[PDB]
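Below are the chains, spelled out letter by letter.
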Protein chains: 2
Amino acid sequence: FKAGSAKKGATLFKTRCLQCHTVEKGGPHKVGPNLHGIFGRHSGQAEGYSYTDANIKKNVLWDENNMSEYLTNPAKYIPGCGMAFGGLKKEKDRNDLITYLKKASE
Amino acid sequence: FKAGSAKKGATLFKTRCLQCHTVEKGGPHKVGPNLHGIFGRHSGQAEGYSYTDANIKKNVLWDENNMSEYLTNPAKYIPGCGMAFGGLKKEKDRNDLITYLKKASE
Ligand code: HEM
Ligand code: HEM
């Protein structure tokens, strides 16, 4: 991962993630967990959310690379429902998004 | 609605709701919101969850009848994903479940 446009990323997040995730500090959980402070913890540790994916529950240390990989698969399992579009297949895309998430999640 | 078996209801909840909802006091949010104290508020007011369905967001006063109706439709929209099995089509079923939810949500 190499920094990109936080500005493009912000639009990515609003159009592809924000329907399931907030990022503001102390923001509420929705279908997915609030993501504030995501790059200072492991996976599966948002306060007041309880997780389903076995790998997220092993508590991976979130960094840029790990996250880029995580978001690479266009589909994602939404418990009890099925597969949803939760990924950016394009590299450039993730670099933009992750650049925004770093900032806005802090 | 007429009280039924909280015992049957408990099994219903564990097998059909618990994958998306907890009910214990102070229990965490998941795909759906924690439901503790559900019959003492309106819809769309769980602390630390942010909702999507326009009708839930109008804040309906949850009672037995309203809830039975709510759970009557076998399918339910899970934001960003699609339709999921979130209902009990059978009357007897809901009466069992709602009887348990009254107790366990308190
Ligand atoms: C590109 C857009 C998105 C990004 C970058 C993103 C990011 C993340 C991250 C980082 C996690 C792990 C959080 C943690 O470990 O605490 C997560 C989990 C989750 N996301 Fe997303 N997400 C996106 C889109 C979506 C969408 C559209 C949905 C729902 C339709 C969603 C639902 C979920 C759920 C349910 C979990 C928890 C999974 C589980 O418990 O098994 N995400 N997401
Ligand atoms: C019979 C089983 C279930 C019962 C009785 C039930 C009950 C409820 C109730 C009472 C609400 C409104 C909560 C409130 O107003 O605060 C709710 C909302 C919700 N439920 Fe369930 N539920 C069940 C199954 C499921 C399943 C299986 C899922 C996920 C696949 C789920 C996901 C949701 C979501 C996402 C919301 C919020 C909807 C929105 O924000 O638009 N439920 N449920």
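Look above for the structure.
Residues numbered from 1 in each chain as written, not as in the entry; some residues may be left out. Chains lettered and ligands numbered in written order. Heavy atoms only, no water.

**Brief notes about the packing of helix α1 (residues 6-16) of chain B against helix α3 (residues 91-104) of chain B**
Between two packed helices, the angle of one axis relative to the other and the distance separating the axes together describe the packing. All names here are of chain B. One can describe the packing of α1 onto α3 by two numbers: an axis separation of 7 Å at closest approach and a directional angle of 90 degrees. Considering the angle they form, α1 stands roughly perpendicular to α3. Across the interface between the two elements, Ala6, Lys8, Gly9, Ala10, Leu12 and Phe13 from α1 touch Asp93, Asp96, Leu97, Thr99, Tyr100, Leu101 and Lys103 from α3. Looking at the contact of α1 with α3 residue by residue, the class counts come to 7 nonpolar, 2 polar and 4 charged. (Axes fitted to C-alpha atoms, helices over the stretch in contact; angles between N-to-C directions. Helix = DSSP H or I, 4+ residues; strand = E, 2+ residues; numbered from the N terminus. Parallel < 35°, antiparallel > 145°, perpendicular 65-115°, else oblique. Contact = heavy atoms within 4.5 Å. Nonpolar A, V, L, I, M, F, W, Y, C, P; charged D, E, K, R; others polar.)

**Regarding the packing of aromatic side chains**
Residues and elements named next belong to chain A. Summed over the entire model, instances satisfying the criterion amount to 6 aromatic pairs over all chains. Considering the side-chain rings of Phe13 and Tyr100, the 5.7 Å spacing of their centres and the 45 degrees angle between planes classify their relative orientation as tilted. Of this pair, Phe13 sits in helix α1 (residues 6-16) while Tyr100 sits in helix α3 (residues 91-104); the two residues are 87 residues apart in sequence, bridging distant segments of the chain. Residue classification places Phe13 among the buried positions, given a relative accessible area of 4%. (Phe/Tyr/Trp six-rings, centres within 6.5 Å; stacked < 30°, edge-to-face > 60°. Buried < 20%, exposed > 50% of the residue type's maximum accessible area, 1.4 Å probe, protein only.)

**So, the site of ligand 2**
In the vicinity of ligand 2 lie 29 residues, with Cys17, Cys20, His21, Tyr51 and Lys76 of chain B positioned nearest. Surrounding ligand 2 is a set of residues that belongs to chains A and B. For ligand 2, an oxygen atom lies 3.0 Å from a polar atom in the backbone of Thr52 of chain B. The separation between an oxygen atom of ligand 2 and a polar side-chain atom of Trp62 of chain B is 3.2 Å. Looking at the shell around ligand 2, the elements that each hand over two or more residues are α2 (64-70), β1 (75-78) and β2 (82-85) of chain B. Residue classes in the shell around ligand 2 are distributed as 18 nonpolar, 8 polar and 3 charged. (Near = heavy atom within 4 Å. Polar contact = N/O pair within 3.5 Å; in protein donor to acceptor, adjacent residues only side chain to side chain.)

**Side note on the relation of the copies chain B and chain A**
Superposing chain B onto chain A takes a rotation of 180 degrees combined with a translation of 0.0 Å along the rotation axis, leaving an RMSD of 0.0 Å. In the structure described here, the two chain copies are related by an operation that fits a two-fold rotation axis. Residue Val31 of chain B, judged by its C-alpha, is the member of chain B lying nearest the rotation axis, at 2.1 Å. When the interface residues of chain B are mapped onto chain A, 100% of them again fall at the interface, so both copies present the same face. (Least-squares fit on C-alpha atoms.)

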